[PDB]
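Peer 1:
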Amino acid sequence: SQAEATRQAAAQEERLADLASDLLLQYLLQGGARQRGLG
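In the deposited numbering, the protein residues as written are 309 to 347.
Following this line, the structure appears as structure tokens:
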């Protein structure tokens, strides 16, 4: 979750296969309100 110059340039949209995977990692943070969690 870092950025130097731009983000759109090196985005994870072009590679759907990558998004489908990352979605699982991001989903963890995207959810988990009441239940246990870090956020």
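We treat Cβ as the ideally placed atom computed from N, Cα and C, and that holds for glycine.
With DSSP as the reference, label residue 346 as helix, strand or coil.
Peer 2: Three-state DSSP puts residue 346 in coil, outside helix and strand.
Peer 1: Would you identify the three-state DSSP class for residue 313, choosing helix, strand or coil?
Peer 2: Residue 313: coil per DSSP, three-state reduction.
Peer 1: Which of helix, strand or coil does DSSP assign to residue 334?
Peer 2: Residue 334 falls in the helix class under three-state DSSP.
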